[PDB]
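This text opens with one protein chain seen in two forms, each one given by itself as structure tokens under the names structure 1 and structure 2.
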Structure 1
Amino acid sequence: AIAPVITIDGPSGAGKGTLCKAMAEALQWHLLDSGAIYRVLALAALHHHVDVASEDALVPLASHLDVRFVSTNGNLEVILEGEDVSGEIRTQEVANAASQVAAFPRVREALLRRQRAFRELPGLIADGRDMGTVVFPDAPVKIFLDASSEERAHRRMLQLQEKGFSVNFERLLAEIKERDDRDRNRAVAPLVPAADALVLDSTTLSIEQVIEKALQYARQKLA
């Protein structure tokens, strides 16, 4: 009776965002960008002067985190307390704060019900780190999108250059190196692929190939 869910987990810069949107549109399903939740929580903490390195301080904020997401009128907008912060949550200051807040056990549990509420018919495409291992363990379809850290740093560099930002590959390689250690080195819902997850390594695959392989797999298990 419950709605089917396709989980897409993987490290930062693996291309989950792009894949999820493409699958959601292809199947006309709902989307959940769990990372945006942790980022909106982080931005909230910064604006409310809540200690980002304090589990006690963060828990209250997470439990009442006022965040809504708007459908695809073209893309997706993240709202915090009535204000669009879609761009601000994508800043390095918020990305860093987000990994900080997502590290605490009680803070993550305080966000479980909120993420799980996204499971609604006809289906949900869930993007994150632990969608297939903690949030939605029973997902009929689980995908682990991964790629070498070097490639993910290279793609990042290029995207920042497109936007007109001056970058340095060495810095980006360390940046993703540090994020990977966090998401993967924490006794609390670490980044690990589910045993039944399709491991999609996109290092030498194009956006088109990834989407094609993902949909082939998902459609296979759901019809």
Structure 2
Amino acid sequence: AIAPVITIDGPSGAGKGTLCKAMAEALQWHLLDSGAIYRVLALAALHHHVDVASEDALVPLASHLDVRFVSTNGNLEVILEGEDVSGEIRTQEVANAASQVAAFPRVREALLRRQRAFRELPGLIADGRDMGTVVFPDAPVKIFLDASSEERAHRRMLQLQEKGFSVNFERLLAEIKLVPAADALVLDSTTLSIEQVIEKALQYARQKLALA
């Protein structure tokens, strides 16, 4: 501890990514995207020819993972060993290798330690599913972002469109149809606009970490 950490947990498509980036840029703090972490490990393995099925080989790789996340104008750059790999990480191939890598207990443990090492001054914004419950249970500010099925389905639709696939909203609404920390601030992405969620998250963080 010592360096402040703001955790953002919630289901897929709730807007965590957007909130996380906006907060990291507003406060100019470090950023950690746990969801992308496994894909980056998987890509490093493929790049270095580390056997995706060998737990023993994957652990050292995970423990020394050279990754950093940078957000500019809401655009996320994933720098693995000096090069931006944001595009590579979005492929199904990497997504599949990420599932293989994530299956091993010792690999998940090593990645747990590696994620905790992102906590440095002036601060860290971290988003995922268990950031405030498992990774940083002592985080001074914890936020749980919830959203309606429609909001989540719409966000998913736009995310796929980007990869080139345009899919029926009704189909996705069906496709989509995680415990908040006891000390988390609960924010609903559907009662408030995303701009309002960011405002309210920043105000809460300020009352807890600064102001006066």
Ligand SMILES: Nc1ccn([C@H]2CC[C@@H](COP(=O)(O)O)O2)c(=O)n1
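For clarity, a rigid core is taken as the largest C-alpha set superposing within 1.5 Å between two forms. Counting starts at 1 with the first residue of structure 1 and goes up one by one along its sequence.
Original post:
Any idea which of the pair is the form deposited without this ligand?
Top reply: Only structure 2 fits here, because that chain is the form deposited without this ligand.
Original post:
Relative to the superposed rigid core, does the CA atom of residue 84 travel 2 Å or more between structure 1 and structure 2?
Top reply: Where the cores coincide, residue 84 still shows a C-alpha shift between structure 1 and structure 2 that is 2 Å or more.
Original post:
Is residue 93 among the residues whose Cα moves by 2 Å or more between structure 1 and structure 2 after superposition of the rigid core?
Top reply: Yes, because once the rigid core is superposed, the C-alpha of residue 93 moves 2 Å or more between structure 1 and structure 2.
Original post:
For residue 102, is the CA shift between structure 1 and structure 2 at least 2 Å following rigid-core superposition?
Top reply: Moves: yes, 2 Å or greater.
**OP:** Could you tell me how many Å the Cα atom of residue 128 shifts between structure 1 and structure 2 when the rigid core is held superposed?
**Re:** Its C-alpha shift, to one decimal, is 0.4 Å.
Original post:
After fitting the core, how far does the CA of residue 160 move between structure 1 and structure 2, in Å?
Top reply: With the cores aligned, its C-alpha sits 4.1 Å away.
Original post:
How much does the C-alpha of residue 39 move between structure 1 and structure 2, in Å, given a rigid core overlay?
Top reply: That residue's C-alpha is offset by 3.2 Å.
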